[PDB]
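# Coordinates in review
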Amino acid sequence: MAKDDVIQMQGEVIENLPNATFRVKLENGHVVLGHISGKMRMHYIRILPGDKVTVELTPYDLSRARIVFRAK
């Protein structure tokens, strides 16, 4: 199936920063920085270092992605 250049990766949080920003490391070890938003995200969720979450990398670069809900 064809589509944009968006790909969901499975990584774990490594650090936590303000501005609704968070860092997660993929399988290669590289950490990506992004922001978390949405419905379940506005429910005052609990985030901590070591949690499995999904992140969608953008074509802009490999140093900025979108924070997605936890890894199913």
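Residues numbered from 1 in each chain as written, not as in the entry; some residues may be left out. Heavy atoms only, no water.

### Considerations on the UniProt feature "domain: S1-like" in the protein chain
When the UniProt feature table is mapped onto this chain numbering, "domain: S1-like" sits at residues 1-72. Annotated as 0% helix and 53% strand, the span residues 1-72 places its first and last C-alpha atoms 22 Å apart. (UniProt positions renumbered as here; feature names shortened; annotations may be inferred. Helix = DSSP H or I, 4+ residues; strand = E, 2+ residues; numbered from the N terminus.)

### Remarks on the nonpolar core
Core analysis: the largest hydrophobic core is formed by 11 residues, namely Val-13, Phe-22, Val-24, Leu-26, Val-32, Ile-36, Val-53, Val-55, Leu-57, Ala-65 and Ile-67. Counting only elements with at least two residues in this core, the list comes to β2 (21-25), β4 (52-58) and β5 (61-70). No other element matches β4, which puts three residues into this core. Discounting residues that sit within four places of it in the chain, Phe-22 has contacts with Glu-15, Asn-16, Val-32, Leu-33, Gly-34, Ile-36, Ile-47 and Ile-67. (Core = buried A, V, L, I, M, F, W, Y, C linked by side-chain atoms within 4.5 Å. Buried < 20%, exposed > 50% of the residue type's maximum accessible area, 1.4 Å probe, protein only. Contact = heavy atoms within 4.5 Å.)

### Some thoughts on the packing of aromatic side chains
If you walk through the whole model with that rule in mind, you get zero aromatic pairs. The ring centre of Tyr-60 lies 4.8 Å from the NZ or CZ of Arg-64, which sits over that ring. (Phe/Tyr/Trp six-rings, centres within 6.5 Å; stacked < 30°, edge-to-face > 60°. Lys NZ or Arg CZ within 6 Å of the ring centre and 35° of its normal.)

### Observations regarding unusual backbone geometry
Working note: non-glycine residues mostly have negative phi, and peptide bonds are mostly trans. Phi at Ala-20 takes a positive value of approximately 55 degrees, unusual for a residue other than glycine. Even without being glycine, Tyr-44 reaches a positive phi, approximately 50 degrees. Of note, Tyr-44 is situated in the loop between β3 (31-35) and β4.

### Focus: the pairing of β4
The pairing of strand β1 (residues 7-17) with β4 spans six bridges and is antiparallel. The residue bridging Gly-11 from the neighbouring strand is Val-53, located in β4. With five bridges connecting them, β4 and β5 associate as antiparallel partners. Its bridge partner being in β5, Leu-57 is matched across the sheet by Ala-65. Counted along the chain from β4 to the antiparallel partner β5, the turn is two residues long. (Pairing = 2+ DSSP bridges.)

### Some points on the sheet that holds β1
One open sheet holds the five strands; their spatial order is β3-β2-β1-β4-β5, and the pairing between them is antiparallel. The sheet is open, and its two borders are formed by β3 and β5, each paired with just one other strand. Averaged over all pairs of adjacent strands, the angle between strand axes in this sheet comes to 50 degrees, irrespective of strand direction. As paired strands, β2 and β3 are joined by five bridges and run antiparallel to one another. (Axes fitted to C-alpha atoms, helices over the stretch in contact; angles between N-to-C directions.)

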